[PDB]
């Protein structure tokens, strides 16, 4: 199982929308619970990881609608509506199915 994220680095202006990908070499869809065990985390410098989305598209309580997770099977997407200064961080995807390769390599988000 290979988890791959892209792009590695995103540099945009405030207010812009961005999308990032997380691919898996194997399907993360479980025919039992019928859900994709893929989550997205926000990692700021030295801070504790922050859960943004789980079950591929379920937004964690406290997270604004600006963060949206989508996709199924092998291709997943994290969308951030209008990037703001507080969004500056590295975003990682984590799969909880086979569990051979847990986290993706991450996408760094910055402004300007």
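Numbering follows the first chain given and starts at 1.
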{"query": "Comparing 27 to 35 with 71 to 79, the one whose average Cα B-factor in the PDB entry is higher", "finding": "27 to 35"}
{"query": "8 to 16 set against 92 to 100, stretch whose average Cα temperature factor tops the other in the entry", "finding": "92 to 100"}
{"query": "Relative C-alpha B-factor of residue 84, binned into the chain's lowest, middle or highest third", "finding": "middle"}
{"query": "Chain thirds of CA B-factor: placement of residue 42", "finding": "lowest"}
